[PDB]
Amino acid sequence: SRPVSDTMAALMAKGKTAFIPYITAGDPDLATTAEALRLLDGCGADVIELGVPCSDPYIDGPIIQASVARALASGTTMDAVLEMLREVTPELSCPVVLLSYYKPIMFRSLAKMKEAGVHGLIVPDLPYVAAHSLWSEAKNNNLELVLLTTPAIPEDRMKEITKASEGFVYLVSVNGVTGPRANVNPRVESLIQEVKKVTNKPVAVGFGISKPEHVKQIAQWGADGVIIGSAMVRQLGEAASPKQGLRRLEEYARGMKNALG
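The numbering scheme counts residues from 1 along every chain following its written sequence, independent of the entry's numbering, with residues that lack coordinates not shown. The side-chain numbers reported here are obtained from all heavy atoms of the structure, hydrogens and water having been left aside. Residues with missing side-chain atoms are left out of burial classes, side-chain pairs and their counts.

Moving on, we get to the nonpolar core. By nonpolar core is meant a set of buried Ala, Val, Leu, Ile, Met, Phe, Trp, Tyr and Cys residues that side-chain atoms within 4.5 Å join together. Think of it in three bands: with a 1.4 Å probe and only protein chains considered, a residue is buried below 20% of the maximum accessible area for its type, exposed above 50%, and partly exposed in between. Core analysis: the biggest nonpolar cluster contains 68 residues, and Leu37, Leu50, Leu85, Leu98, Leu121, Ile218 and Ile228 have the highest contact counts within it. The contact definition used throughout considers only heavy atoms, calling two residues in contact when any of these lie within 4.5 Å. In contact with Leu85, other than residues within four places in its own chain, are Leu37, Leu50, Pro90, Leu98, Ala116 and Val118.

Okay, the packing of helix α2 (residues 30–42) against helix α12 (residues 242–260) next. Angles here are taken between N-to-C directions and fall from 0 to 180 degrees, while the axes themselves are lines fitted to C-alpha atoms, restricted in helices to the stretch in contact. The secondary structure listing takes helices from DSSP runs of H or I that are at least 4 residues long and strands from runs of E that are at least 2 residues long, numbered from the N terminus. Where α2 meets α12, the closest approach of the two axes is 10 Å, and the angle between their N-to-C directions is 20°. Classified by the interaxial angle, the pair formed by α2 and α12 is roughly parallel. The handedness of the crossing between α2 and α12 comes out as right-handed. Each of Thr32, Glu35, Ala36, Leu39 and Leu40 in α2 lies in contact with α12, whose residues at this interface are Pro242, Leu246, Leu249, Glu250 and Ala253. Considering only residue class, the contact of α2 with α12 consists of 7 nonpolar, 1 polar and 2 charged. Any angle that falls under 35 degrees is termed roughly parallel, while one over 145 is termed roughly antiparallel, one within 65 to 115 roughly perpendicular, and all others oblique. Crossings are sorted by hand: turned counterclockwise from the far helix by less than a right angle, the near helix makes the crossing left-handed, and turned clockwise it makes it right-handed. Residues are grouped as follows: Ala, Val, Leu, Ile, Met, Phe, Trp, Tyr, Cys and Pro are nonpolar; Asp, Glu, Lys and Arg are charged; all remaining types, including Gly, are polar.

Turning our attention to unusual backbone geometry. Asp27 connects to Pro28 through a cis peptide bond whose omega is 5°. By the secondary structure assignment, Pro28 is in the loop between β1 (18–24) and α2. Of note, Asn142 is a non-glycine position whose phi angle comes to about 65°, a positive value. With respect to the helices and strands, the residue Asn142 is situated in the loop between α7 (131–140) and β5 (144–149). Unusually for a residue other than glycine, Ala182 sits at a positive phi of about 55°. Along the chain, the position of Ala182 falls in the loop between β6 (169–172) and α9 (187–196). On the accessibility criterion, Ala182 (49% relative accessible area) is partly exposed.

Listed below in structure tokens is the structure:
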């Protein structure tokens, strides 16, 4: 598969918005995560974000936090996630971006994620003190360090972020952005456009949005990619069984692929 940056560039030259599913590795088990990764690919996922469970995933929404807890109770570890990727990556046509909080990786060299076929890395709580050391190490291993920005980061720092980021710029929020009459809040349109104004990099938007009309609107407001997380993790990991999870995940993902096209 291609780097994340190349995959994104190509969609943007074509006027197309990337479909970026997010699932948590190990929920409900790693054999099911493998099969999910292959199904997501076959439904036309452009990039897949894959979460490594940790004991405090405080930047994630509650659906994803509950999935992370389930993945830690299935005894899932960084090493077991890398072993699975090493088998599954050669079969996927699209790149994987690993998401992990900083403490589990603070002790790694990133040599073993590269070897396992990971292309990108997202460290949501990356320390300001460590961000350059990790960028350098990711570079030295041929991995792209994808950075978050949020509506809380002032404009001048947001610009420094966009410059340092690789693969795409990832715009997220810990705050919900849809209202009680089930509309996307209009301030989201400005939030995406503030970041597009300062960079030529692909801006991918992870705001917790799952309905096909809503996903279409985030695209139409200029996102280059839409990360669909909570709703994918629900379909897969809140089902009656792994088999039903996968059937539900495929139907949902086809519908999101259709919406975004």
